[PDB]
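Input: a single structure, listed below in structure tokens.
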Amino acid sequence: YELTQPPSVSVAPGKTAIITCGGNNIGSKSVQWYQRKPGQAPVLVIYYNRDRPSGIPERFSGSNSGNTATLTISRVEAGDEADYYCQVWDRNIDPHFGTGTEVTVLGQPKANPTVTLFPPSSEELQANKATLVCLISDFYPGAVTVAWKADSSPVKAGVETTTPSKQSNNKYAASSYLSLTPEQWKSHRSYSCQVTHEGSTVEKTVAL
Amino acid sequence: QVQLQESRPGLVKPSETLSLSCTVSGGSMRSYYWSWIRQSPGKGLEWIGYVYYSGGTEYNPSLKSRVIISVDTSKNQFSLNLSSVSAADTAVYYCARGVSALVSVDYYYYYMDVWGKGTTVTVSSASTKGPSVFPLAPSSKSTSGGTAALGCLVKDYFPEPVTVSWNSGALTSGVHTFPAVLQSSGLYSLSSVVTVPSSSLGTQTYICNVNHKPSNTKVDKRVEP
């Protein structure tokens, strides 16, 4: 037995998000729905097709009939963005999960990144190592590219940059690190971390 | 209220057996179907199996040949052993409480209401390595209009995860812990930063509390201007 779900569902705020779960004769099996936000454990939002555990808002409603069960989210808000998994589990079938539907809410306002740049600590330098740390937070359109410079020249080799990761507020965060020797660090006049977001760039500089 | 706590995260070597436990606190193990579920990106949620209070088990057919679940009611614990692991078994493993609900003499249903927090398991032939923690001192003067950004760099550890708190959990406002970067050495580094009022640098001590459970190491680093 196998349950199918659409990969994603896009909805504007205040409107109604409809998530579907396909399975042969699913209408005669008890469907549960689980919500999972990034970095968090799953939360039961619907059991026995339509029942809500204590504290789940009535905006979340469940239906089940025929070959399709549905999770309806009325008056959607940014806090509802998550991965939603359907499940069947009852007397007549062992637990099966759907593939998961990610809900994204449209029209969120773009946000330019905040950039914080740290030089190597004195502790790290006396351990004969050096790391520049470029922390990027609170950008929304979703992605960034990071470039590094020593004085005015592009530095690659030593650069590692994370994928963007969803924050609490549905904005995104990322990090970029430049590894170098203590001699590289003290030989130049400055280093810069340059973060490009939607054709515009924020540059921070540090010096020894 | 019932709480479930998985055993410590860390690595399992390829071809060895992954062994996890879950401790149930705040409640009894009777009546319930104690379940293991795992998650990894693209993999969604996968049910592994469950053990009823008294010892009976039920397993995912695709894993039944490699999986044993058992229960120790004397310690309010149940366990998972997954043998002959490979990279395909890298995942976050959850314990959960399965509940049965009777509808009629010939129909009942189940749901998983209480979940553990998840434990991150990495299948890897590499070695566990505890972190080196360095302070990220706030600049001598603010460049943000009156706030100071300070942090801790947690360098060169393996495997995931690391957790960071500040002032033993008393400081939560303005804390941002960034997901780790994987360096070309194959080790992870991450940073946690807190933004505080500039004046508090004279009146408040700032200490980041770094926990790397895989290496049984905790570091409390004072961050001074």
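Just one residue in the set A:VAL88, A:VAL9, A:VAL76 is touching a residue at least 24 places away in the same chain (Cβ under 8 Å), within 11 Å of chain B (Cβ to nearest Cβ) and either part of a strand (DSSP E or B) or surrounded by 14 or more Cβ atoms within 10 Å (Cβ to Cβ) (or both); that residue is A:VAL88.
Within the range B:26-54, being facing another protein chain (nearest Cβ under 10 Å), surrounded by 13 or more Cβ atoms within 10 Å (Cβ to Cβ) and assigned to a loop (DSSP other than H, G, I, E, B) holds for one residue alone: B:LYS43. Checked against the criterion of being part of a strand (DSSP E or B), within 14 Å of chain A (Cβ to nearest Cβ) and crowded, with 19+ Cβ neighbours inside 10 Å, the range B:77-89 has no qualifying residue. Residue check: A:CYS193 meets all listed conditions (1) assigned to a loop (DSSP other than H, G, I, E, B); (2) touching a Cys at 6+ places or on another chain (Cβ under 6 Å) but one, namely (1). When A:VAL144, A:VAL206 are checked against the criterion of being surrounded by fewer than 20 Cβ atoms within 10 Å (Cβ to Cβ) and in contact with a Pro (Cβ under 8 Å, 6 or more places away or on another chain), A:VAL206 stands alone in meeting it. The residues of the range A:43-60 that are out of contact with any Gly (no Cβ under 9 Å at 6 or more places or on another chain) and within 11 Å of chain B (Cβ to nearest Cβ), listed by number, are A:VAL43, A:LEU44, A:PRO53, A:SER54.
Of all residues in the range B:179-215, those being within 15 Å of B:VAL133 (Cα to Cα), more than 10 Å from chain A (Cβ to nearest Cβ) and not in a strand (DSSP E or B) number 4.
Residues in the range B:107-129 that are surrounded by 16 or more Cβ atoms within 10 Å (Cβ to Cβ) and aliphatic (A, V, I, L, M): B:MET112, B:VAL114, B:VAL121, B:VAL123. In the range B:130-155, the residue that is surrounded by the most Cβ atoms within 10 Å (Cβ to Cβ) out of those that are facing chain A (nearest Cβ under 9 Å), outside any loop (DSSP other than H, G, I, E, B) and not hydrophobic (A, V, I, L, M, F, W, C) is B:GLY151.
For the range B:158-168, the count of residues that are surrounded by fewer than 21 Cβ atoms within 10 Å (Cβ to Cβ), over 23 Å from A:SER122 (Cα atoms), touching a residue at least 24 places away in the same chain (Cβ under 8 Å) and more than 14 Å from chain A (Cβ to nearest Cβ) is nonzero.
Quick one: would you say A:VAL206 is within 14 Å of another protein chain (Cβ to nearest Cβ), more than 30 Å from B:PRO41 (Cα to Cα) and β-branched (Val, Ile, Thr)? Against the criterion (within 14 Å of another protein chain (Cβ to nearest Cβ), more than 30 Å from B:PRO41 (Cα to Cα) and β-branched (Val, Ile, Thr)), A:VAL206 qualifies. The set of residues in the range A:171-186 that are part of a loop (DSSP other than H, G, I, E, B) and surrounded by 16 or more Cβ atoms within 10 Å (Cβ to Cβ) contains only A:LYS171.
Just so you know, in the range B:101-123 the residues that are under 30 Å from the mean Cα position of the chain (by Cα) and either of a type in the set (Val, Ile, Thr) or not assigned by TED's automatic domain parsing to the domain that holds B:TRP36 (or both) include one that is farthest from B:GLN183 (Cα to Cα), and it is B:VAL114. Against the condition more than 18 Å from the chain's Cα centre (by Cα), in contact (Cβ under 8 Å) with a residue 12 or more places away in the chain and either on the phi > 0 side of the Ramachandran plot or buried (at least 16 other Cβ atoms within 10 Å of the Cβ) (or both), how does B:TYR93 come out, does it pass? No: the conditions fail for B:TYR93.
Just to be sure, is B:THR217 surrounded by fewer than 17 Cβ atoms within 10 Å (Cβ to Cβ) and touching a residue at least 60 places away in the same chain (Cβ under 8 Å)? Criteria met by B:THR217. Please determine, by comparing only the residues of the range A:102-120 that are in a strand (DSSP E or B) and more than 10 Å from chain B (Cβ to nearest Cβ), which one is farthest from A:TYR47 (Cα to Cα). My answer is A:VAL115. In summary, B:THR57 fulfils each of the numbered conditions (1) closer than 22 Å to A:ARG91 by Cα; (2) in contact with a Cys (Cβ under 7 Å, 6 or more places away or on another chain) with the single exception of condition (2). Checking B:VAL67, B:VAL12 one by one, the residue that is surrounded by 14 or more Cβ atoms within 10 Å (Cβ to Cβ) and closer than 23 Å to A:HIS96 by Cα is B:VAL67 and no other.
Report yes if B:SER127 is without any contact (Cβ under 8 Å) to a residue 40 or more places away in the chain, more than 7 Å from every other protein chain (Cβ to nearest Cβ) and closer than 25 Å to B:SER40 by Cβ, otherwise no. So B:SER127 passes the test. Within the range A:161-180, the only residue that satisfies the criterion of being under 13 Å from A:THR114 (Cα atoms), more than 7 Å from chain B (Cβ to nearest Cβ) and of a type in the set (A, V, I, L, M, F, W, C) is A:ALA174. A single entry from B:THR17, B:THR57, B:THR23 fulfils the requirement of being loosely packed, with under 15 Cβ neighbours inside 10 Å and not basic (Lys, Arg): B:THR17.
Each residue in the range A:62-72 was checked for being surrounded by 20 or more Cβ atoms within 10 Å (Cβ to Cβ) and either in contact (Cβ under 8 Å) with a residue 60 or more places away in the chain or over 28 Å from the mean Cα position of the chain (by Cα) (or both), and 1 of them qualify.
Cβ sites come from the backbone with ideal geometry, for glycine too, and all protein chains shown count toward neighbours. Numbers and lists here come from the model and the stated rules, or from a named source; no laboratory read-out is quoted.
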